[PDB]
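>
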Amino acid sequence: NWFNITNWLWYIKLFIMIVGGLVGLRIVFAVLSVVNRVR
Amino acid sequence: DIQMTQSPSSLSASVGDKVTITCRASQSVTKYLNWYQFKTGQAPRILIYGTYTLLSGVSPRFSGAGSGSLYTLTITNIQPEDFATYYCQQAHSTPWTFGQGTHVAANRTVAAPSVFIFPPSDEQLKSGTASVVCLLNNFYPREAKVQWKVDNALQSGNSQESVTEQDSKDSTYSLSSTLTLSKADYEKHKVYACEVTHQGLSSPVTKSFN
Amino acid sequence: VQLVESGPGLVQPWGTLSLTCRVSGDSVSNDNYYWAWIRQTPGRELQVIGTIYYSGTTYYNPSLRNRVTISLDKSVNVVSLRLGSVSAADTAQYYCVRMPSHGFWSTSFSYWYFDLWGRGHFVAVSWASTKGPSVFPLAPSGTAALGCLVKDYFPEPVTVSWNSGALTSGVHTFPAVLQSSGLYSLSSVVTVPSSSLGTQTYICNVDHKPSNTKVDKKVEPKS
Ligand SMILES: *[C@@H]1O[C@H](CO)[C@@H](O)[C@H](O)[C@H]1NC(C)=O
Ligand SMILES: C[N+](C)(C)CCOP(=O)(O)O
Ligand SMILES: C[N+](C)(C)CCOP(=O)(O)O
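Protein chains in written order, with the authors' numbering: chain O, 671 to 709; chain A, 1 to 210; chain B, 2 to 35, 35A to 35B, 36 to 82, 82A to 82C, 83 to 100, 100A to 100J, 101 to 127, 134 to 215.
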């Protein structure tokens, strides 16, 4: 099943985009690396 | 599988009328709803995808709306090339399903049929059977009664009828009643007559040969 | 740009029904499209048979997965459908169809719709064998009507034209009817001005490709 997958993936795409322009992306990498450090 | 049902099953509209076709689902289809147009001569043709989005070359007279389990296609200013049958389809689930279809036919002023009768061909009488044709040309509405009478005796069962699709420009129907008989029985009788009743006729009209 | 479906008209029960769709616009290995088969039963229900991607991935309608196969041939740019253990219930118009594959960043992502359809190809499933039609004149006796009776043929369809395409206005070619005998029959009729009967010859051209029958019958005023 895939065609059915796209109906959740659209919402994931929306999520990504809103945190796309709103938290720059460099910020995302930076906080990603912050989380990683805690490991 | 998601159940799809359109309403109404059949409708008629005058050129210019606004026409709405409703598509209801047993579940919610979250806007994954497409509309397609079917005409008898040509290849099927999509007009809307995802509830609202019109495709290029589709007239903006068409417009879509809806949500949840309830969607609606709307024809703004219906024109001759729009009379056709329309289907809705869901893209939400794994097995895509269509509606059952809404056929949009024309309403127009009553037009009485022209009645003709055709006797059987010599060649076919040689072959051993006989077909007699009654033709009802260019009438509206679709409903018409065709009675066969042989030597004043009323017939039934031995005849079949067929009806054309509505004419692209005329907006009217035509109907053929073919009466098929063994050469024996056809030779028995003398006077073959075809009686026609239709809304636009005052008295039934009969055409006959010997 | 063009989608031409073809295959047999008539298939025996418990046979295999194989169709081919020739794609005349772009390659089937274009990674922007899926392809699909959709069929309409004479009861007007539309069914998705299955889809296939240039990459090889297929989806099949659950009710047919046990017995259906779709595949594309990039070398000749065709897409094929095979349907096995076929019954009468598989008699339908079979459309070959294109389906946009919108990638993740398209404005129109996850919207799955059938955006281009071929003309269809009809397949009857019956034990009966082919049978060419008999063509009989329907002779005329303000405006007169005349025609051709196309009787006793199997399977659908037959096509009737008038004056090799030249006469188009006023023609009415009827849907076929299933007689008790189990063969089909129809009529095709034209209305012309009566003043023209004694001067203009009127030929009807009937074609029945399932039996490779072609017949040209001229219709003269009755005697
Ligand atoms: C066509 O138009 C008239 C106008 O009143 C209407 O009464 C009639 O119901 C319409 N015919 C059909 C089949 O709907
Ligand atoms: C599925 N969909 C994303 C196309 C529409 C659902 O989201 P929404 O338009 O109601 O916000
Ligand atoms: C419908 N559309 C493709 C034009 C826009 C889709 O965006 P959305 O309705 O999912 O937010």
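In this text, a Cβ means the ideal position worked out from N, Cα and C, and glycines have one as well.
#1: So what does DSSP say about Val169 (chain B), is it helix, strand or coil?
#2: Compute the minimum distance between the beta carbon of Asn197 (chain B) and the heavy atoms of ligand 4, and state whether it is under 7 Å.
#3: Nearest chain B C-beta to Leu692 (chain O) closer than 8 Å, yes or no?
#4: To the nearest angstrom, how far is the alpha carbon of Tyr681 (chain O) from that of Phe100E (chain B)?
#5: Does the count of Cβ pairs from the region 64 to 82 of chain B and the region 20 to 27 of chain B closer than 8 Å reach three?
#6: Three-state secondary structure (DSSP) at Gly134 (chain B)?
#7: What are the residues in the region 62 to 96 of chain A lying within 9 Å of chain O by C-beta distance?
#8: Only counting the same chain, and skipping five residues up and downstream in sequence, which positions put a Cβ closer than 6 Å to that of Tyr71 (chain A)?
#9: For a contact defined as C-beta to C-beta under 8 Å, what are the partners of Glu195 (chain A) on chain B?
#10: Is there a C-beta anywhere in chain B that falls below 8 Å from the one on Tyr32 (chain A)?
#11: Using CA coordinates, which residue listed in B:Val184, B:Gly104, B:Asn65 and B:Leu71 is at the minimum distance from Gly82A (chain B)?
#12: Kindly indicate which residue of A:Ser67, A:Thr129 and A:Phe62 has the alpha-carbon position closest to the one of residue 216 (chain A).
#13: For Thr94 (chain A), which of B:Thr57, B:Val67 and B:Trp113 has the nearest alpha-carbon?
#14: Hey, how far is the Cα of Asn107 (chain A) from the Cα of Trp103 (chain B)?
#15: Tell me, please, whether the region 5 to 17 of chain B touches the region 200 to 208 of chain A by the rule of three or more beta-carbon pairs shorter than 8 Å.
#16: Return the bridge partner residues of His103 (chain A) from the DSSP annotation.
#17: Return no unless some Cβ of chain B is closer than 8 Å to the Cβ of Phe673 (chain O).
#18: Report the neighbours of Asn677 (chain O) on chain A: residues whose CB is nearer than 8 Å to its CB, in chain order.
#19: State whether the region 73 to 81 of chain A contacts the region 686 to 704 of chain O, with contact taken as three or more CB pairs (one from each stretch) at a distance under 8 Å.
#20: Grab the span of the beta strand (DSSP E) containing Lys210 (chain B) for me, first residue to last.
#21: Smallest Cα separation from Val196 (chain A): which of A:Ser114, A:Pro119, A:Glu187 and A:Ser26?
#22: Quick check on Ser70 (chain B): does DSSP put it in helix, strand or coil?
#23: Please compile the residues from chain O whose C-beta is within a distance smaller than 8 Å of the C-beta of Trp36 (chain B).
#24: Between which residues of its own chain and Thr151 (chain B) is the CB-CB distance below 6 Å, once the five residues before and five after are set aside?
#25: For the region 35 to 53 of chain A, list every residue whose C-beta sits within 8 Å of some C-beta in chain B, in sequence order.
#26: Any beta carbon from chain A within less than 8 Å of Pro61 (chain B)'s own beta carbon?
#27: Do the region 155 to 174 of chain A and the region 150 to 167 of chain B meet, that is, are 3 or more Cβ pairs less than 8 Å apart?
#28: Of all the beta strand (DSSP E) runs that stay within the bounds of the region 10 to 48 of chain A, which reach a length of 3 or more residues?
#29: Helix, strand or coil for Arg707 (chain O), going by three-state DSSP, please let me know.
#30: Checking 8 Å against the spacing of the C-beta atoms, do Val58 (chain A) and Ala84 (chain A) come in under that value?
#31: Is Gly99 (chain B) near ligand 3, in the sense that its beta carbon is under 7 Å from a heavy atom of that ligand?
#32: Does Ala84 (chain B) come out as helix, strand or coil in the three-state DSSP assignment?
#33: Looking at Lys683 (chain O) and ligand 2, is the gap between the Cβ and the nearest heavy atom below 7 Å?
#34: If you drop the 5 nearest sequence neighbours on each side, which residues of the same chain put their C-beta closer than 6 Å to that of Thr178 (chain A)?
#35: Let me know the secondary structure DSSP gives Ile37 (chain B) once reduced to three states.
#36: Just to confirm the assignment, what range does the beta strand (DSSP E) spanning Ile195 (chain B) have?
Per the coordinate set shown:
#1: Position 177 of the third sequence, counting from 1, holds the residue named residue 169 (chain B). Secondary structure of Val169 (chain B) (DSSP, three-state): strand.
#2: Summarising the ligand content, the structure contains ligand 1, ligand 2 and ligand 3 and does not contain ligand 4.
#3: As a working note, residue 692 (chain O) is residue 22 in the first sequence. So no, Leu692 (chain O) is outside the interface.
#4: Within the first sequence, residue 681 (chain O) is the residue found at index 11, counting from 1. Within the third sequence, residue 100E (chain B) is the residue found at index 109, counting from 1. Cα to Cα, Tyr681 (chain O) sits roughly 10 Å from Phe100E (chain B).
#5: Flag = yes, the region 64 to 82 of chain B and the region 20 to 27 of chain B touch.
#6: By one-based count along the third sequence, residue 134 (chain B) stands at place 142. The answer is coil: DSSP assigns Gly134 (chain B) none of H, G, I, E or B.
#7: Under the 9 Å Cβ criterion, the region 62 to 96 of chain A contributes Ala91, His92, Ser93, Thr94 and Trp96.
#8: Translated into positions along the second sequence, residue 71 (chain A) becomes position 71. So the list reads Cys23 and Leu33, once near-sequence residues are dropped.
#9: Counted from its first residue, the second sequence places residue 195 (chain A) at position 195. Within chain B, no residue comes near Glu195 (chain A); the closest Cβ sits about 18 Å away, beyond 8 Å.
#10: Here residue 32 (chain A) refers to the residue found at position 32 of the second sequence. Judged by the 8 Å Cβ criterion, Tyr32 (chain A) is in contact with chain B.
#11: Reading the third sequence from its first residue, position 84 is the one you call residue 82A (chain B). Among B:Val184, B:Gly104, B:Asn65 and B:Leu71, the Cα nearest to that of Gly82A (chain B) is on B:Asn65.
#12: As displayed, chain A neither begins before 1 nor continues past 210, which places residue 216 (chain A) out of reach and without an answer.
#13: Within the second sequence, residue 94 (chain A) is the residue found at index 94, counting from 1. It is B:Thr57.
#14: Within the second sequence, the letter at position 107 stands for residue 107 (chain A). Within the third sequence, the letter at position 117 stands for residue 103 (chain B). So the alpha carbons of these two residues sit roughly 29 Å apart.
#15: Cβ pair count under 8 Å is below three, so no.
#16: In the second sequence, the residue the question calls residue 103 (chain A) occupies position 103. Per DSSP, the beta bridge partners of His103 (chain A) are A:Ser10 and A:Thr85.
#17: As a position in the first sequence, residue 673 (chain O) is number 3, starting the count at 1. At least one chain B Cβ lies under 8 Å of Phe673 (chain O).
#18: As a first step, residue 677 (chain O) must be located in the first sequence, where it is residue number 7. Ordered by position in chain A, the residues that pass the 8 Å Cβ test against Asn677 (chain O) are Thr30, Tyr32 and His92.
#19: Between the region 73 to 81 of chain A and the region 686 to 704 of chain O, the count of Cβ pairs shorter than 8 Å is below three; the stretches do not touch.
#20: Here the question's residue 210 (chain B) lines up with position 218 in the third sequence. It spans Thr205 to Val211 - the beta strand (DSSP E) in which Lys210 (chain B) sits, taken as one unbroken run.
#21: Taking the first residue of the second sequence as 1, we reach residue 196 (chain A) at position 196. Checked all of A:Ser114, A:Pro119, A:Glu187 and A:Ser26; the closest Cα to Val196 (chain A) is A:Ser114.
#22: One-based indexing of the third sequence puts residue 70 (chain B) at position 71. In this structure, DSSP gives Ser70 (chain B) an extended state, which the three-state scheme calls strand.
#23: What you label residue 36 (chain B) is simply residue 37 of the third sequence in a count that begins at 1. In chain order: nothing, as chain O lies at least about 15 Å away.
#24: As a working note, residue 151 (chain B) is residue 159 in the third sequence. So the qualifying residues of the chain are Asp199.
#25: Result list: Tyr36, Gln42, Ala43, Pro44, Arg45, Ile46, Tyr49, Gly50 and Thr53.
#26: By 1-based counting over the third sequence, the position of residue 61 (chain B) is 62. Judged by the 8 Å Cβ criterion, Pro61 (chain B) is in contact with chain A.
#27: As far as the Cβ criterion goes, the region 155 to 174 of chain A touches the region 150 to 167 of chain B, which means the pair count is three or higher.
#28: If you keep only unbroken beta strand (DSSP E) runs of at least 3 residues inside the region 10 to 48 of chain A, you get 10 to 13, 19 to 25 and 33 to 38.
#29: What you label residue 707 (chain O) is simply residue 37 of the first sequence in a count that begins at 1. In the displayed model, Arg707 (chain O) falls within a helix according to three-state DSSP.
#30: Position 58 of the second sequence, counted from the first residue, corresponds to residue 58 (chain A). Position 84 of the second sequence, counted from the first residue, corresponds to residue 84 (chain A). Cβ atoms of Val58 (chain A) and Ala84 (chain A): not closer than 8 Å.
#31: Here residue 99 (chain B) refers to the residue found at position 103 of the third sequence. Relative to ligand 3, even the nearest heavy atom lies 7 Å or more away from the CB of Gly99 (chain B).
#32: Sequence index remark: in the third sequence, residue 84 (chain B) carries index 88 (1-based). DSSP places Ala84 (chain B) in helix when its eight states are reduced to three.
#33: On the first sequence, residue 683 (chain O) is found 13 positions in, with the first residue counted as 1. No.
#34: Numbered from its first residue, the second sequence carries residue 178 (chain A) at position 178. For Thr178 (chain A), same chain residues with a beta-carbon under 6 Å away, outside a window of 5 residues either side, are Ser131, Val133 and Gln160 in chain order.
#35: To locate residue 37 (chain B), count along the third sequence from 1; it is residue 38. Looking at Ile37 (chain B) - three-state DSSP - the assignment turns out to be strand.
#36: For the purposes of this step, residue 195 (chain B) is taken as the residue at position 203 of the third sequence. According to the DSSP assignment, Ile195 (chain B) belongs to the beta strand (DSSP E) that extends over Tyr194 to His200.
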